[PDB]
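Novice: take this sequence and fold it.
(3 chains)
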Amino acid sequence: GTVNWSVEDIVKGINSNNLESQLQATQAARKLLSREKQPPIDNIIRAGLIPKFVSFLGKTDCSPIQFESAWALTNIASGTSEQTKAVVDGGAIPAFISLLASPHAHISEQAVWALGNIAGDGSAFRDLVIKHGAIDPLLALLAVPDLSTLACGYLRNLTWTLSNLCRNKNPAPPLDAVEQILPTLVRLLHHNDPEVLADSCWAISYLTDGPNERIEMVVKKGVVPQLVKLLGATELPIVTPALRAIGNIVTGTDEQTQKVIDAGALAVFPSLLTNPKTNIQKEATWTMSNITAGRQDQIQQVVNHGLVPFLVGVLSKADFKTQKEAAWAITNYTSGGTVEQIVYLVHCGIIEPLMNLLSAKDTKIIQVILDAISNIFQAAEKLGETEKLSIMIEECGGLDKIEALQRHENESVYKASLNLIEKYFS
Amino acid sequence: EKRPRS
Amino acid sequence: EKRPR
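Specialist: Numbering: from 1, shown residues only, chains lettered A, B, ... in the order given. See below for the structure:
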(Lines give C-alpha, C1' and ligand atoms only; values in the text may rest on other atoms or scores of the structure.)
Protein backbone atom coordinates (compact mmCIF):
# COMPACT_ATOMS: atom_id res chain seq x y z
CA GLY A 1 0.00 0.00 0.00
CA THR A 2 3.02 2.31 -0.24
CA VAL A 3 3.13 2.16 -4.07
CA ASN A 4 2.39 5.31 -6.11
CA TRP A 5 1.52 7.82 -3.42
CA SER A 6 1.12 11.47 -4.22
CA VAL A 7 3.53 13.93 -2.63
CA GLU A 8 0.51 15.39 -0.82
CA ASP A 9 -0.27 12.02 0.77
CA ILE A 10 3.37 11.57 1.80
CA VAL A 11 3.32 14.99 3.48
CA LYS A 12 0.08 14.09 5.26
CA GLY A 13 1.53 10.87 6.68
CA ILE A 14 4.82 12.48 7.72
CA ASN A 15 3.00 15.32 9.51
CA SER A 16 0.68 12.88 11.33
CA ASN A 17 2.98 12.40 14.38
CA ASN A 18 2.03 8.71 14.20
CA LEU A 19 5.41 7.00 13.95
CA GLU A 20 3.97 4.12 11.93
CA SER A 21 2.07 6.45 9.61
CA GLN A 22 5.33 8.37 9.25
CA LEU A 23 7.18 5.13 8.47
CA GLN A 24 4.72 4.14 5.74
CA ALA A 25 4.78 7.61 4.17
CA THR A 26 8.59 7.63 4.23
CA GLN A 27 8.67 4.22 2.55
CA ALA A 28 6.22 5.59 -0.02
CA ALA A 29 8.63 8.49 -0.59
CA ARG A 30 11.50 6.03 -1.00
CA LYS A 31 9.58 4.07 -3.64
CA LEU A 32 8.75 7.32 -5.44
CA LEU A 33 12.42 8.35 -5.43
CA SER A 34 13.44 4.86 -6.61
CA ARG A 35 11.63 4.95 -9.97
CA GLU A 36 13.59 5.22 -13.21
CA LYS A 37 11.49 7.78 -15.05
CA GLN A 38 11.87 11.30 -13.49
CA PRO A 39 11.54 10.79 -9.71
CA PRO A 40 9.85 13.88 -8.25
CA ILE A 41 12.95 14.97 -6.34
CA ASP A 42 12.22 18.70 -6.53
CA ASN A 43 8.60 18.31 -5.40
CA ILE A 44 9.77 16.27 -2.41
CA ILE A 45 12.29 19.02 -1.63
CA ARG A 46 9.76 21.85 -1.96
CA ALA A 47 7.30 19.96 0.25
CA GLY A 48 9.85 20.52 3.03
CA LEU A 49 10.41 16.80 3.63
CA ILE A 50 14.23 16.74 3.90
CA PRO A 51 14.45 17.99 7.54
CA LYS A 52 11.87 15.36 8.52
CA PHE A 53 13.79 12.58 6.78
CA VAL A 54 16.97 13.80 8.49
CA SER A 55 15.21 13.76 11.86
CA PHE A 56 14.07 10.19 11.17
CA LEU A 57 17.74 9.16 10.79
CA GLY A 58 18.13 9.64 14.55
CA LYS A 59 15.23 7.38 15.56
CA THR A 60 17.39 4.52 16.81
CA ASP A 61 14.25 2.94 18.33
CA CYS A 62 12.67 2.50 14.84
CA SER A 63 15.38 1.12 12.56
CA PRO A 64 12.98 0.67 9.57
CA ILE A 65 12.30 4.41 9.37
CA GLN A 66 16.04 5.05 9.66
CA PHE A 67 16.56 2.81 6.62
CA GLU A 68 13.70 4.24 4.54
CA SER A 69 14.65 7.86 5.21
CA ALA A 70 18.33 7.07 4.57
CA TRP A 71 17.41 5.51 1.23
CA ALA A 72 15.12 8.42 0.29
CA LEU A 73 17.84 10.91 1.19
CA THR A 74 20.44 8.90 -0.72
CA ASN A 75 18.43 9.20 -3.92
CA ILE A 76 17.86 12.93 -3.46
CA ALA A 77 21.59 13.39 -2.81
CA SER A 78 22.37 11.47 -6.03
CA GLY A 79 20.81 14.25 -8.13
CA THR A 80 22.02 17.72 -9.09
CA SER A 81 24.33 19.86 -6.96
CA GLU A 82 21.30 21.85 -5.84
CA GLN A 83 19.56 18.61 -4.84
CA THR A 84 22.64 17.34 -2.99
CA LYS A 85 22.88 20.78 -1.35
CA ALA A 86 19.29 20.49 -0.10
CA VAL A 87 20.28 17.25 1.65
CA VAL A 88 23.37 18.86 3.19
CA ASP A 89 21.39 21.98 4.17
CA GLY A 90 18.97 19.71 6.05
CA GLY A 91 21.74 18.63 8.43
CA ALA A 92 22.15 15.16 6.92
CA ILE A 93 25.97 14.94 7.10
CA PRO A 94 26.44 14.44 10.88
CA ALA A 95 23.28 12.31 10.99
CA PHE A 96 24.65 9.96 8.32
CA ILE A 97 28.03 9.74 10.06
CA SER A 98 26.28 8.67 13.27
CA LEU A 99 24.49 5.99 11.24
CA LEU A 100 27.84 4.45 10.25
CA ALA A 101 27.83 2.95 13.77
CA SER A 102 24.40 1.34 13.31
CA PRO A 103 24.30 -2.37 14.24
CA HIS A 104 22.11 -3.00 11.17
CA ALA A 105 24.38 -3.58 8.19
CA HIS A 106 21.79 -2.44 5.65
CA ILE A 107 21.46 0.90 7.47
CA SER A 108 25.16 1.71 7.83
CA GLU A 109 25.58 0.74 4.17
CA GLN A 110 22.90 3.26 3.25
CA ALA A 111 24.78 5.88 5.27
CA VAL A 112 27.99 4.95 3.39
CA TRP A 113 26.11 5.33 0.10
CA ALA A 114 24.62 8.70 1.05
CA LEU A 115 27.96 10.15 2.14
CA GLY A 116 29.45 8.93 -1.14
CA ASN A 117 26.89 10.95 -3.09
CA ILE A 118 27.45 14.02 -0.92
CA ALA A 119 31.24 13.83 -1.08
CA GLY A 120 31.13 13.09 -4.81
CA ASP A 121 29.40 16.41 -5.54
CA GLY A 122 32.60 18.44 -5.32
CA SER A 123 35.58 19.41 -3.24
CA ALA A 124 33.57 21.64 -0.88
CA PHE A 125 31.13 18.92 0.19
CA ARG A 126 33.97 16.38 0.11
CA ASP A 127 35.96 18.47 2.59
CA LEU A 128 32.84 19.18 4.67
CA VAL A 129 32.17 15.45 4.99
CA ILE A 130 35.79 15.06 6.09
CA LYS A 131 35.52 17.91 8.62
CA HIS A 132 32.48 16.21 10.18
CA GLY A 133 34.74 13.21 10.87
CA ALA A 134 33.52 10.62 8.38
CA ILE A 135 36.89 8.98 7.64
CA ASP A 136 37.48 7.22 10.98
CA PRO A 137 34.08 5.42 11.11
CA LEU A 138 34.30 4.58 7.40
CA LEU A 139 37.73 2.98 7.70
CA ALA A 140 36.62 1.26 10.92
CA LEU A 141 34.04 -0.64 8.85
CA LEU A 142 36.96 -2.17 6.90
CA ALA A 143 39.06 -3.12 9.95
CA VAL A 144 38.71 -6.88 9.50
CA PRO A 145 41.51 -9.44 8.97
CA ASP A 146 40.08 -10.56 5.62
CA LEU A 147 37.93 -8.37 3.38
CA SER A 148 36.37 -11.52 1.89
CA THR A 149 34.21 -11.93 5.01
CA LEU A 150 32.40 -8.67 4.23
CA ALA A 151 29.27 -8.65 2.10
CA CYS A 152 30.23 -8.00 -1.51
CA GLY A 153 27.79 -5.15 -2.14
CA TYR A 154 28.75 -3.63 1.21
CA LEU A 155 32.46 -3.66 0.33
CA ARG A 156 31.77 -2.21 -3.13
CA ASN A 157 29.85 0.70 -1.62
CA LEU A 158 32.60 1.45 0.91
CA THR A 159 35.24 1.40 -1.83
CA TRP A 160 33.18 3.70 -4.05
CA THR A 161 32.58 6.18 -1.23
CA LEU A 162 36.28 6.18 -0.31
CA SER A 163 37.10 6.91 -3.97
CA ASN A 164 34.79 9.94 -3.88
CA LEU A 165 36.69 11.21 -0.83
CA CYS A 166 39.84 11.03 -3.00
CA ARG A 167 38.12 12.73 -5.94
CA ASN A 168 38.23 16.29 -7.32
CA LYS A 169 40.85 19.06 -7.41
CA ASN A 170 41.08 22.79 -6.66
CA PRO A 171 41.66 21.88 -3.96
CA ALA A 172 42.80 18.27 -3.86
CA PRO A 173 41.73 16.39 -0.70
CA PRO A 174 43.54 17.29 2.55
CA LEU A 175 46.99 15.70 2.72
CA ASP A 176 46.16 14.34 6.18
CA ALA A 177 42.99 12.65 4.87
CA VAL A 178 44.87 11.08 1.95
CA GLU A 179 47.51 9.65 4.29
CA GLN A 180 44.74 8.33 6.53
CA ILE A 181 42.91 6.64 3.64
CA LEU A 182 45.84 5.32 1.57
CA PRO A 183 46.67 2.14 3.59
CA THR A 184 43.07 0.98 3.22
CA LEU A 185 43.12 1.84 -0.49
CA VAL A 186 46.27 -0.27 -0.92
CA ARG A 187 44.48 -3.20 0.72
CA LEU A 188 41.41 -2.75 -1.49
CA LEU A 189 43.75 -2.65 -4.50
CA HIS A 190 44.67 -6.28 -3.70
CA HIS A 191 41.09 -7.52 -3.24
CA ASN A 192 39.65 -10.06 -5.68
CA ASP A 193 36.45 -8.27 -6.67
CA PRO A 194 36.43 -6.62 -10.13
CA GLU A 195 34.29 -3.70 -8.96
CA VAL A 196 36.35 -3.10 -5.82
CA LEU A 197 39.46 -3.19 -8.02
CA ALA A 198 38.03 -0.71 -10.53
CA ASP A 199 36.97 1.82 -7.89
CA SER A 200 40.25 1.38 -6.00
CA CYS A 201 42.10 2.15 -9.24
CA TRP A 202 39.88 5.20 -9.78
CA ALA A 203 40.74 6.47 -6.28
CA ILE A 204 44.45 6.02 -6.99
CA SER A 205 44.04 7.77 -10.33
CA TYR A 206 42.51 10.75 -8.52
CA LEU A 207 45.27 10.87 -5.92
CA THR A 208 47.99 10.78 -8.61
CA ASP A 209 46.32 13.58 -10.63
CA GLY A 210 48.40 16.35 -9.11
CA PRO A 211 51.90 17.65 -8.38
CA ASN A 212 54.86 15.38 -7.70
CA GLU A 213 54.29 15.47 -3.94
CA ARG A 214 50.86 13.90 -4.38
CA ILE A 215 52.27 11.31 -6.79
CA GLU A 216 55.04 10.57 -4.29
CA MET A 217 52.59 9.78 -1.48
CA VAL A 218 51.09 7.05 -3.67
CA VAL A 219 54.32 5.69 -5.17
CA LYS A 220 55.92 5.41 -1.72
CA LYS A 221 53.13 3.03 -0.64
CA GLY A 222 54.53 0.56 -3.18
CA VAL A 223 51.37 0.19 -5.29
CA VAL A 224 52.95 0.65 -8.75
CA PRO A 225 53.63 -3.11 -9.25
CA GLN A 226 50.00 -3.87 -8.38
CA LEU A 227 48.82 -1.10 -10.72
CA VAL A 228 50.91 -2.66 -13.50
CA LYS A 229 49.38 -6.06 -12.83
CA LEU A 230 45.91 -4.51 -13.05
CA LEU A 231 47.03 -2.88 -16.32
CA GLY A 232 47.00 -6.40 -17.77
CA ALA A 233 43.49 -7.28 -16.58
CA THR A 234 40.88 -8.46 -19.06
CA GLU A 235 38.16 -6.21 -17.61
CA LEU A 236 38.11 -2.84 -19.36
CA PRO A 237 36.59 -1.18 -16.23
CA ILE A 238 39.81 -2.09 -14.39
CA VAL A 239 42.31 -1.34 -17.17
CA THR A 240 40.92 2.17 -17.73
CA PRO A 241 41.57 3.62 -14.22
CA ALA A 242 44.75 1.55 -13.83
CA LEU A 243 46.10 3.10 -17.03
CA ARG A 244 44.97 6.57 -15.96
CA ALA A 245 46.87 6.13 -12.69
CA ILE A 246 50.01 4.88 -14.44
CA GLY A 247 49.78 7.77 -16.90
CA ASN A 248 49.43 10.25 -14.04
CA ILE A 249 52.49 8.85 -12.27
CA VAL A 250 54.71 9.28 -15.34
CA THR A 251 53.87 12.98 -15.48
CA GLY A 252 56.06 13.30 -12.38
CA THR A 253 59.82 13.03 -11.90
CA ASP A 254 62.14 10.76 -13.85
CA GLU A 255 62.54 8.73 -10.65
CA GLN A 256 58.78 8.22 -10.35
CA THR A 257 58.64 7.32 -14.05
CA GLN A 258 61.40 4.77 -13.43
CA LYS A 259 59.23 2.96 -10.87
CA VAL A 260 56.61 2.42 -13.58
CA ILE A 261 59.27 1.06 -15.96
CA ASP A 262 60.91 -1.06 -13.25
CA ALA A 263 57.52 -2.62 -12.47
CA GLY A 264 57.28 -3.94 -16.04
CA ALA A 265 54.64 -1.60 -17.44
CA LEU A 266 56.20 -1.30 -20.90
CA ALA A 267 55.55 -5.00 -21.57
CA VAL A 268 51.79 -4.32 -21.55
CA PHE A 269 51.95 -1.50 -24.09
CA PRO A 270 51.93 -3.67 -27.26
CA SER A 271 48.35 -4.56 -26.30
CA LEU A 272 47.45 -1.08 -25.02
CA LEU A 273 48.70 0.71 -28.14
CA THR A 274 46.59 -1.62 -30.32
CA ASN A 275 43.61 -1.80 -27.97
CA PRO A 276 40.22 -1.76 -29.74
CA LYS A 277 38.93 0.90 -27.32
CA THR A 278 39.90 4.34 -28.64
CA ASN A 279 40.28 5.82 -25.16
CA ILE A 280 42.78 3.13 -24.12
CA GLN A 281 44.94 3.80 -27.19
CA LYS A 282 44.81 7.55 -26.56
CA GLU A 283 45.71 7.22 -22.86
CA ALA A 284 48.44 4.66 -23.58
CA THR A 285 49.98 6.85 -26.27
CA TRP A 286 49.79 9.89 -23.99
CA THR A 287 51.58 7.84 -21.33
CA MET A 288 54.23 6.85 -23.89
CA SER A 289 54.78 10.51 -24.77
CA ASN A 290 55.57 11.30 -21.13
CA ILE A 291 57.97 8.38 -20.99
CA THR A 292 59.75 9.50 -24.17
CA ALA A 293 60.08 12.90 -22.46
CA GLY A 294 62.28 11.24 -19.83
CA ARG A 295 65.94 10.28 -19.73
CA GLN A 296 67.82 8.58 -22.54
CA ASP A 297 68.05 5.31 -20.60
CA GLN A 298 64.25 5.48 -20.35
CA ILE A 299 63.90 6.13 -24.07
CA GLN A 300 66.20 3.11 -24.42
CA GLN A 301 63.80 0.85 -22.50
CA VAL A 302 61.04 1.97 -24.86
CA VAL A 303 63.35 0.83 -27.68
CA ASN A 304 64.24 -2.47 -25.99
CA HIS A 305 60.57 -3.32 -25.42
CA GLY A 306 59.98 -3.01 -29.17
CA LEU A 307 57.58 -0.09 -28.70
CA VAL A 308 58.90 2.18 -31.47
CA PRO A 309 57.13 0.15 -34.22
CA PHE A 310 53.95 0.45 -32.15
CA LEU A 311 54.45 4.22 -32.09
CA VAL A 312 54.93 4.11 -35.87
CA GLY A 313 51.69 2.13 -35.95
CA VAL A 314 49.56 4.61 -34.02
CA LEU A 315 51.05 7.50 -35.98
CA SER A 316 50.12 5.69 -39.22
CA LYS A 317 46.53 4.82 -38.31
CA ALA A 318 44.53 5.69 -35.19
CA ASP A 319 41.88 8.09 -33.99
CA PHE A 320 43.15 11.60 -34.66
CA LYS A 321 43.43 12.43 -30.96
CA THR A 322 45.61 9.33 -30.53
CA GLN A 323 47.75 10.31 -33.52
CA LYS A 324 48.24 13.70 -31.86
CA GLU A 325 49.60 12.03 -28.72
CA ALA A 326 51.83 9.90 -30.95
CA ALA A 327 53.21 13.07 -32.53
CA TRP A 328 54.03 14.37 -29.04
CA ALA A 329 55.69 11.04 -28.22
CA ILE A 330 57.91 11.38 -31.30
CA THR A 331 58.82 15.02 -30.67
CA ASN A 332 59.72 14.22 -27.06
CA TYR A 333 61.69 11.19 -28.29
CA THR A 334 63.67 13.22 -30.82
CA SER A 335 64.27 16.10 -28.41
CA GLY A 336 65.79 13.99 -25.63
CA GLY A 337 67.14 10.99 -27.51
CA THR A 338 70.65 10.15 -28.64
CA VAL A 339 71.62 10.22 -32.31
CA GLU A 340 71.51 6.41 -32.48
CA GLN A 341 68.03 6.32 -30.95
CA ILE A 342 66.82 8.91 -33.46
CA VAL A 343 68.43 6.93 -36.30
CA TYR A 344 66.59 3.81 -35.15
CA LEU A 345 63.35 5.80 -35.18
CA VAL A 346 63.80 6.72 -38.85
CA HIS A 347 64.82 3.15 -39.69
CA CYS A 348 61.49 1.98 -38.21
CA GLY A 349 59.61 4.16 -40.71
CA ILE A 350 58.60 7.26 -38.77
CA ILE A 351 59.06 9.75 -41.61
CA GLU A 352 56.16 8.91 -43.93
CA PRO A 353 53.39 8.81 -41.27
CA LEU A 354 54.88 12.00 -39.82
CA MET A 355 54.56 13.75 -43.19
CA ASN A 356 51.04 12.43 -43.76
CA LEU A 357 49.87 14.15 -40.58
CA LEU A 358 50.97 17.56 -41.88
CA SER A 359 47.71 17.49 -43.88
CA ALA A 360 45.85 17.77 -40.56
CA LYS A 361 43.95 21.01 -39.95
CA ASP A 362 45.18 21.16 -36.36
CA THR A 363 47.74 23.90 -35.98
CA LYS A 364 49.34 22.47 -32.82
CA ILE A 365 50.09 19.01 -34.23
CA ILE A 366 51.74 20.77 -37.18
CA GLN A 367 54.13 22.63 -34.85
CA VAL A 368 54.75 19.39 -32.96
CA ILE A 369 55.62 17.56 -36.19
CA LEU A 370 57.77 20.40 -37.53
CA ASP A 371 59.69 20.36 -34.24
CA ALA A 372 60.33 16.63 -34.62
CA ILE A 373 61.57 17.08 -38.19
CA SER A 374 63.99 19.76 -36.97
CA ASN A 375 65.20 17.43 -34.22
CA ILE A 376 65.73 14.61 -36.71
CA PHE A 377 67.63 16.87 -39.11
CA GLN A 378 69.86 17.99 -36.24
CA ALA A 379 70.85 14.37 -35.64
CA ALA A 380 71.36 13.99 -39.40
CA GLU A 381 73.73 16.98 -39.38
CA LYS A 382 75.92 15.21 -36.80
CA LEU A 383 76.10 12.31 -39.30
CA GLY A 384 76.40 14.44 -42.44
CA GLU A 385 73.30 12.69 -43.80
CA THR A 386 70.85 15.57 -44.12
CA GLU A 387 70.69 14.99 -47.88
CA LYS A 388 69.39 11.41 -47.59
CA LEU A 389 66.75 12.60 -45.10
CA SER A 390 65.74 15.40 -47.47
CA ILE A 391 65.29 12.80 -50.21
CA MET A 392 63.20 10.65 -47.85
CA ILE A 393 60.93 13.58 -47.01
CA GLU A 394 60.57 14.50 -50.68
CA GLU A 395 59.97 10.92 -51.85
CA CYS A 396 56.92 10.48 -49.58
CA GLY A 397 55.41 13.88 -50.44
CA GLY A 398 56.57 15.69 -47.31
CA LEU A 399 58.44 18.50 -49.07
CA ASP A 400 55.25 19.46 -50.91
CA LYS A 401 53.52 19.55 -47.52
CA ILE A 402 56.22 21.58 -45.77
CA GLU A 403 56.23 24.33 -48.43
CA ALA A 404 52.48 24.44 -48.59
CA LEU A 405 52.88 25.25 -44.88
CA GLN A 406 54.93 28.43 -45.55
CA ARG A 407 51.66 29.99 -46.74
CA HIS A 408 50.03 28.78 -43.48
CA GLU A 409 48.10 31.23 -41.28
CA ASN A 410 49.62 30.64 -37.81
CA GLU A 411 52.95 32.28 -37.21
CA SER A 412 55.51 29.72 -36.03
CA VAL A 413 54.10 27.19 -38.50
CA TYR A 414 55.33 29.23 -41.45
CA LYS A 415 58.52 30.43 -39.79
CA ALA A 416 59.57 26.88 -38.96
CA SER A 417 58.53 25.58 -42.39
CA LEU A 418 60.64 28.23 -44.18
CA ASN A 419 63.61 27.50 -41.92
CA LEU A 420 63.42 23.83 -42.94
CA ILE A 421 63.29 24.58 -46.67
CA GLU A 422 65.88 27.36 -46.53
CA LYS A 423 68.31 25.07 -44.69
CA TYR A 424 67.76 21.53 -46.01
CA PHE A 425 65.78 21.83 -49.27
CA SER A 426 67.68 24.75 -50.84
CA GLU B 1 29.97 10.31 -9.77
CA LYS B 2 26.71 9.92 -7.87
CA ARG B 3 24.63 6.75 -7.66
CA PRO B 4 20.93 6.42 -6.80
CA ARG B 5 19.69 3.16 -5.31
CA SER B 6 16.84 1.85 -7.49
CA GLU C 1 58.79 18.11 -21.37
CA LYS C 2 56.10 16.21 -19.49
CA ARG C 3 52.50 17.19 -20.24
CA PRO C 4 50.00 16.68 -17.38
CA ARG C 5 46.48 15.59 -18.30
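
Novice: tell me if I'm right that residue A:277 and residue A:236 touch.
Specialist: Yes: with contacts counted by C-beta atoms under 8 Å, residue A:277 reaches residue A:236, the gap being 6.4 Å. From N, CA and C alone the C-beta is placed, and that goes for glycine too.

Novice: what is the subsequent helix or strand relative to the helix or strand that contains residue A:346?
Specialist: In this structure, residue A:346 sits in helix A:339-347 according to DSSP states H and E. Downstream of helix A:339-347, the first helix or strand assigned by DSSP H and E is helix A:351-356.

Novice: OK, now which residue of chain A is nearest to chain B?
Specialist: At 4.0 Å from chain B, residue A:78 is the closest residue in chain A, using C-beta to the nearest C-beta.

Novice: do I have it right that that residue meets residue B:2?
Specialist: Yes: Residue A:78 is within contact range of residue B:2, at 4.3 Å (criterion: C-beta under 8 Å).

Novice: which one's more surrounded, the two?
Specialist: Shown here are residue A:78 and residue B:2; by other C-beta atoms under 10 Å in any protein chain shown, residue A:78 has more neighbours (25 against 20).

Novice: touching both of residue A:78 and residue B:2, which residues are there?
Specialist: A:84, A:117 (C-beta atoms under 8 Å, 6 or more residues apart in numbering or on different chains).

Novice: please list the residues of the stretch 301-426 of chain A that sit near chain C.
Specialist: A:328, A:332 (C-beta under 8 Å from any C-beta of the partner chain).

Novice: which residues in the stretch 301-426 of chain A form helices?
Specialist: A:308-316, A:320-336, A:339-347, A:351-356, A:363-381, A:386-395, A:398-404, A:411-424 (DSSP state H, counting those that start in this stretch).

Novice: need the winner for burial among those.
Specialist: When you average the neighbours per residue for each of those (mean count of other C-beta atoms under 10 Å in any protein chain shown), helix A:320-336 leads with a mean of 23.

Novice: who's in contact with that one?
Specialist: A:278, A:281-282, A:285-286, A:288-290, A:292-296, A:299, A:302, A:311, A:314-315, A:318, A:341-342, A:345, A:350, A:354, A:357, A:360, A:362, A:364-365, A:368-369, A:371-372, A:375-376, A:379, C:1, C:3.

Novice: what about 6 Å?
Specialist: Identification of contacts with helix A:320-336 by C-beta atoms under 6 Å, 6 or more residues apart in numbering or on different chains yields A:281-282, A:285-286, A:288-289, A:292-293, A:311, A:314-315, A:342, A:365, A:368-369, A:371-372, A:375-376.

Novice: what does stretch A:241-254 give?
Specialist: Stretch A:241-254 is contacted by residues A:201-202, A:204-205, A:208-209, A:212, A:215, A:227, A:230-231, A:256-257, A:260, A:265, A:283, A:286-287, A:290-291, A:294-295, C:2, C:4 when judged by C-beta under 6 Å, 6+ apart.

Novice: and for stretch A:126-136?
Specialist: By C-beta under 6 Å, 6+ apart, the list of residues contacting stretch A:126-136 reads A:93, A:94, A:97, A:115, A:118, A:119, A:168, A:177, A:180.

Novice: sort out for me which of the residues you listed are in helices.
Specialist: Counting by DSSP state H, the part of the contacts of stretch A:126-136 found in helices is A:93, A:94, A:97, A:115, A:118, A:119, A:177, A:180.

Novice: for the last one, give its distance to residue A:173.
Specialist: For residue A:180, the distance to residue A:173 equals 10 Å [C-beta to C-beta, to the nearest Å].

Novice: ok, the two, which is more surrounded?
Specialist: Neighbour count, other C-beta under 10 Å: between residue A:180 and residue A:173, residue A:173 has more, with 25 against 17.

Novice: where does the more buried one land in three-state SS?
Specialist: What DSSP: H, G, I helix; E, B strand; the rest coil gives for residue A:173 is coil.
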